[PDB]
Amino acid sequence: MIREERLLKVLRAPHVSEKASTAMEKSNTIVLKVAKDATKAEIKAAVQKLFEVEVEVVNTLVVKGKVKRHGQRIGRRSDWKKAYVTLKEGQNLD
Amino acid sequence: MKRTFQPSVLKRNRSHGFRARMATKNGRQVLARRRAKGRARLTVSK
Amino acid sequence: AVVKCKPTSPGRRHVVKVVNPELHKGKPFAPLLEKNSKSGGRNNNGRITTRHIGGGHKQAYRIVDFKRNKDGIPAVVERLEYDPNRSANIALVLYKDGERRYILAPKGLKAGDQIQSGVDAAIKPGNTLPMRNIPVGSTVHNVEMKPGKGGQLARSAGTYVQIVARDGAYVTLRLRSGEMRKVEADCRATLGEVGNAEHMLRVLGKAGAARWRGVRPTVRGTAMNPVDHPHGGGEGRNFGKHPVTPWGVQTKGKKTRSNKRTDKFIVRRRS
RNA sequence: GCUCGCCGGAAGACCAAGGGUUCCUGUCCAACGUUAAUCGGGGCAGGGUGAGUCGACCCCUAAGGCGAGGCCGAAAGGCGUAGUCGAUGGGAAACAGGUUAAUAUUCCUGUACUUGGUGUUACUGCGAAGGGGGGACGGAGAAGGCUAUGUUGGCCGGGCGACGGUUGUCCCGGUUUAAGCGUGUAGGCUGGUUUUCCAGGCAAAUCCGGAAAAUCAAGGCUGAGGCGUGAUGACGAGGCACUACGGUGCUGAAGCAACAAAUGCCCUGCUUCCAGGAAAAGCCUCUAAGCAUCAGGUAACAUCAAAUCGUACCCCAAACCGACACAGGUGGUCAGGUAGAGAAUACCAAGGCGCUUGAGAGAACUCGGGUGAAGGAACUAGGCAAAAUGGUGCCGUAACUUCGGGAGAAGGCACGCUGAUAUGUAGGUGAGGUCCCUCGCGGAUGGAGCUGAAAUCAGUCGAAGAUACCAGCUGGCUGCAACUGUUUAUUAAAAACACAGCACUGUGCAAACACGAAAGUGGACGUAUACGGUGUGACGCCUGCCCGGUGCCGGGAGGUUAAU
RNA sequence: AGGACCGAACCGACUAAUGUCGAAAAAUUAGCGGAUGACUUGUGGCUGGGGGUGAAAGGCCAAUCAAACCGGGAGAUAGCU
Ligand SMILES: [Mg+2]
Ligand SMILES: [Mg+2]
Ligand SMILES: [Mg+2]
Ligand SMILES: [Mg+2]
Ligand SMILES: [Mg+2]
Ligand SMILES: [Mg+2]
Ligand SMILES: [Mg+2]
Ligand SMILES: [Mg+2]
Ligand SMILES: [Mg+2]
Ligand SMILES: [Mg+2]
Ligand SMILES: [Mg+2]
Ligand SMILES: [Mg+2]
Ligand SMILES: [Mg+2]
Ligand SMILES: [Mg+2]
Ligand SMILES: [Mg+2]
Ligand SMILES: [Mg+2]
Ligand SMILES: [Mg+2]
Ligand SMILES: [Mg+2]
Ligand SMILES: [Mg+2]
Ligand SMILES: [Mg+2]
Ligand SMILES: [Mg+2]
Ligand SMILES: [Mg+2]
Ligand SMILES: [Mg+2]
Ligand SMILES: [Mg+2]
Ligand SMILES: [Mg+2]
Ligand SMILES: [Mg+2]
Ligand SMILES: [Mg+2]
Ligand SMILES: [Mg+2]
Ligand SMILES: [Mg+2]
Ligand SMILES: [Mg+2]
Ligand SMILES: [Mg+2]
Ligand SMILES: [Mg+2]
Ligand SMILES: [Mg+2]
Ligand SMILES: [Mg+2]
Ligand SMILES: [Mg+2]
Ligand SMILES: [Mg+2]
Ligand SMILES: [Mg+2]
Ligand SMILES: [Mg+2]
Ligand SMILES: [Mg+2]
Ligand SMILES: [Mg+2]
Ligand SMILES: [Mg+2]
Ligand SMILES: [Mg+2]
Ligand SMILES: [Mg+2]
Ligand SMILES: [Mg+2]
Ligand SMILES: [Mg+2]
Ligand SMILES: [Mg+2]
Ligand SMILES: [Mg+2]
Ligand SMILES: [Mg+2]
Ligand SMILES: [Mg+2]
Ligand SMILES: [Mg+2]
Ligand SMILES: [Mg+2]
Ligand SMILES: [Mg+2]
Ligand SMILES: [Mg+2]
Ligand SMILES: [Mg+2]
Ligand SMILES: [Mg+2]
Ligand SMILES: [Mg+2]
Ligand SMILES: [Mg+2]
Ligand SMILES: [Mg+2]
Ligand SMILES: [Mg+2]
Ligand SMILES: [Mg+2]
Ligand SMILES: [Mg+2]
Ligand SMILES: [Mg+2]
Ligand SMILES: [Mg+2]
Ligand SMILES: [Mg+2]
Ligand SMILES: [Mg+2]
Ligand SMILES: [Mg+2]
Ligand SMILES: [Mg+2]
Ligand SMILES: [Mg+2]
């Protein structure tokens, strides 16, 4: 099974946006920015064992990184994996 | 007018790609020369 | 049968087709087909060795049984079939025991004859049996050079070689080109001439015919430039040199046969 | 925001290739944009790419690459067997509707579907790097059957008119509905089932192939569309509540027929032609050694699983290739109306743009055009350019000819519109009704409705009726090349090159010959009716004399002559 | 049936003018040729420098071609400017 170490390493942070808020309010789906190599089963098992929720299924994607210009210098701030964790009905959470 | 460069990454990474350079011995010399020159973009492969 | 064409349009005025009405219109017996990939005159180096080869319509290779080891088992020729690889028509024959095989088509065969192979077989066009049992003086085709190697002498469209004499372990063959060659007297032969005897009466008509058959054009020598062909060059028409091949050897008369390994088997070269 | 103009087989709507954030909101305009810019593909910040079903990975192979050993090569290395890679190809499954400032066959709703693993019961012999079938295939042509789609009538809703008329055969808008499941038709291919054996399928086989016997005469494979269900649901003209004066919120009528109809589907069909038209796995099937209360196979139900990567945006372009926001280049797919043979062309619909400098004046001169008195090539190197001709039907049509041609030769003549034939015809399509029935997605009748040429006759308007756009200039003599073709990317398209044909010649197969120190390859899985080389260049009539010179071929007496 | 015929897409490049510090290091416009084939096109392979390829022009081989490009011998040599 998934060990607790990896289970904890999976999730990085929640997400804050207008799409994030409208999703969590309407379709009962949270959004989590997660470590770039964590899979669907890992994300689902981790949100379950960590938030005491029942999750339906996770839709995940990799937002592509942006190129920024500091002075004359060009750089690539990362890409990262953004997961739409669609909770099961009736579940509330802090 | 059909200009000369008609890009395609399959053909590019097959003809000049890193492993196509590392296959032969002469390509190994190409890599040695570029490494000793200090190139940042070593091969054409990303 | 040879048939002209009505001059409906230039390029059709000078063509003559060769048609056969009991041939097979359909698909060839599949288990005897293998894929055939055209090389266009290029060897495994990638360079062009024999010029004038390329293009041409796709073909599949009909497997043909030239060795003919099916001894004593009588077969019936199920049908005659067009063959794209070669100039003689093939014949799908079905043996008594249910195995099918392609063979070359002797002349006197058509839908429904019987063949027997091996030293037992009777002497009829199509049967095959070694030239230690063929009567002396007969005409055969598909003659092997070594015992059991495979049909090599005269398997073309209108050819046949005559067993002129047998003196010991070697029989003298008057070959189609006119040689007299001593072939080992245990080589297989198959009686009678080959089938498509009118393949030399056809004409191609339009360059399109050669291009369909896969023969690229040929740019002759007094048109090239001196860097390309030894003949090439000259303001206007100039040809003041003895004809040579593009690699600088004689081409009008110079003999080339140098295989001293078999000069003992050539009884008499042709004239 | 209203008018105007341009695109509309594109300058519209989706992608691949390729870029890489150009996408969306907020703020800013110093630079960038050929001008100002409050605007932007510019600067900064925030957001945005959601998949069992799409694509990739994956399974499978082509050309080809690499290639254990191997063979070969001063070394580097070259080729290649077993293998292993390589999609531009073959292989499981999803659609409709809604929704975001930006994503959707991915989210939401509704209804599905395939393939494994696992479980519980019922019967069963399963079993492969092996055998067999399948997958599995060309060009052209021909209709038939349909559909997408379109036109009209009907129905439903709204209208009844800025200026003469418009409750009527009047006007505008709508009339939509998928996968799946079920029935499973038009068409296409094939005669079925059983028994007995056989040297074939490198072993076996109950499979395939072969040979004989009975045997009923039909079964089966396949298949678009239609019709049910999906769906008393979604959608739906509009009305009304709401305004952040963005567009939101809430209900919601009709939702059918007839006809025309693809370049799409049946159709990887059918006919015919030669130029004779990939492979491999998935799939079905057979067993071998082997395991044989088990394991495994099949069916049923429940169950788990479907990972990973791409998904924004542009994509005939301001984002791609061209140094540029460049009059260039770039593969696939979608295909409305009227006129027309048509994807031409003119005008339009949806949809998108007015091309990132303007405002005046209305000289010469240049550019792109319009028209022209009288003459009509007098211009000129030369009718260069321009002008002209131009369509369908019929009439007629010379020399020459290889008997196909020449030929659309040339030359004319008719063409609009309205009525009548005929309240729209011949035609195509075909309901209702009736009849038989192996009752159906059937057949014979039957003709309403619908669609609808072309012609004749009468009238009529204009200067002109193929009115625009579109759309051969024609004829006579002759050179050269037979011809369609190919060529100097970027000053030469020709009489040059090629060509079918012709002839000479080499080559007997471990072929000549080419590539390569060599192995090995091409020639060719061909074999003298074959291949290589060289000249000539369809066809018709032809092809004369010269072997001294040079090459080639043959000959060996003699002379000369190397290494040894 | 056809290297048949007319003609759009697609492919080409005959003539003319414009352009020739161009809109463009070869294009535009008005005409023009082929348009079921010796056709055209996408993807991916293969052939290489005295070598490839060439329906043959000494053309083409990354805007370079009677011997490519790059690096080196190399500061070649220059009785010439
Ligand atoms: Mg761990
Ligand atoms: Mg989901
Ligand atoms: Mg190679
Ligand atoms: Mg051949
Ligand atoms: Mg020839
Ligand atoms: Mg050359
Ligand atoms: Mg020479
Ligand atoms: Mg000259
Ligand atoms: Mg001369
Ligand atoms: Mg010589
Ligand atoms: Mg149209
Ligand atoms: Mg567009
Ligand atoms: Mg891309
Ligand atoms: Mg760029
Ligand atoms: Mg930026
Ligand atoms: Mg500015
Ligand atoms: Mg500029
Ligand atoms: Mg911006
Ligand atoms: Mg789903
Ligand atoms: Mg190799
Ligand atoms: Mg593979
Ligand atoms: Mg949708
Ligand atoms: Mg079995
Ligand atoms: Mg098999
Ligand atoms: Mg009403
Ligand atoms: Mg009024
Ligand atoms: Mg109406
Ligand atoms: Mg409609
Ligand atoms: Mg079904
Ligand atoms: Mg057997
Ligand atoms: Mg049987
Ligand atoms: Mg099409
Ligand atoms: Mg056993
Ligand atoms: Mg079991
Ligand atoms: Mg969009
Ligand atoms: Mg442009
Ligand atoms: Mg650009
Ligand atoms: Mg269409
Ligand atoms: Mg318009
Ligand atoms: Mg509009
Ligand atoms: Mg003026
Ligand atoms: Mg006037
Ligand atoms: Mg004028
Ligand atoms: Mg005048
Ligand atoms: Mg006049
Ligand atoms: Mg006149
Ligand atoms: Mg002119
Ligand atoms: Mg004109
Ligand atoms: Mg006319
Ligand atoms: Mg005359
Ligand atoms: Mg005549
Ligand atoms: Mg004439
Ligand atoms: Mg006429
Ligand atoms: Mg009219
Ligand atoms: Mg009339
Ligand atoms: Mg008139
Ligand atoms: Mg004369
Ligand atoms: Mg022509
Ligand atoms: Mg071979
Ligand atoms: Mg001699
Ligand atoms: Mg033609
Ligand atoms: Mg050009
Ligand atoms: Mg033009
Ligand atoms: Mg044209
Ligand atoms: Mg070399
Ligand atoms: Mg360049
Ligand atoms: Mg110097
Ligand atoms: Mg030196």
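What is reported rests on the model, the rules as stated and the sources as named; these are not laboratory values. Cβ coordinates were reconstructed from backbone atoms using ideal geometry, including for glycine residues, and neighbour counts include every protein chain displayed.
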In the stretch C:227-271, residues that are surrounded by 12 or more Cβ atoms within 10 Å (Cβ to Cβ), out of contact with any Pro (no Cβ under 6 Å at 6 or more places or on another chain) and not in a loop (DSSP other than H, G, I, E, B) total 3
Candidate set: the stretch C:54-82, residues that are over 25 Å from C:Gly151 (Cα atoms) and surrounded by 13 or more Cβ atoms within 10 Å (Cβ to Cβ); chosen: the one farthest from the other protein chains (Cβ to nearest Cβ):
C:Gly56
Any idea which of (1) outside the structural domain of C:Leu80 (by CATH); (2) in contact (Cβ under 8 Å) with a residue 40 or more places away in the chain; (3) at negative phi is the one C:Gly150 doesn't satisfy?
(3)
Out of curiosity, is A:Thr29 in contact (Cβ under 8 Å) with a residue 40 or more places away in the chain and among the hydroxyl-bearing types (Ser, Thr, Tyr)?
yes
Let me spell it out: the conditions are (1) more than 16 Å from RNA strand E (Cβ to nearest atom); (2) touching a strand residue (DSSP E or B) at 6+ places or on another chain (Cβ under 7 Å); (3) part of a loop (DSSP other than H, G, I, E, B), and C:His14 meets all of them except one. Which number is the exception?
(1)
Checking the structure you have, find out if any residue of the stretch C:95-102 is away from chain B (no Cβ under 14 Å), part of a loop (DSSP other than H, G, I, E, B), closer than 21 Å to C:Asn127 by Cα and under 16 Å from the mean Cα position of the chain (by Cα).
no
Spans of strands (runs of 3 or more DSSP E) in the stretch A:30-94 with at least 2 residues within 16 Å of the chain's Cα centre (by Cα):
A:55-63, A:80-87
Given the conditions (1) more than 19 Å from A:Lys88 (Cβ to Cβ); (2) surrounded by 12 or more Cβ atoms within 10 Å (Cβ to Cβ), every one holds for A:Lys19 apart from (2)
Cβ-Cβ below 6 Å, separation at least six or inter-chain, first residue in the stretch C:216-239 and over 19 Å from C:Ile53 (Cβ atoms) and away from chain B (no Cβ under 14 Å), second away from ligand 4 (no atom under 16 Å from the Cβ) and in a helix (DSSP H, G or I): which pairs?
C:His231/C:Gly221; C:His231/C:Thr222; C:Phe239/C:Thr222
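Residues are listed down the side, and each one gets a yes or a no for (1) within 16 Å of ligand 1 (Cβ to nearest atom); (2) closer than 18 Å to A:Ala23 by Cα; (3) touching a residue at least 60 places away in the same chain (Cβ under 8 Å):
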| position | (1), (2), (3) |
| --- | --- |
| A:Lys44 | no, yes, no |
| A:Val47 | no, yes, no |
| A:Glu52 | no, no, no |
| A:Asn59 | no, yes, no |
| A:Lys68 | no, no, no |
| A:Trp80 | no, no, yes |
| A:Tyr84 | no, yes, yes |
| A:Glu89 | no, yes, yes |
Only one of C:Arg220, C:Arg166, C:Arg211 is under 30 Å from the mean Cα position of the chain (by Cα) and within 16 Å of ligand 4 (Cβ to nearest atom). Can you tell me which?
C:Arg211
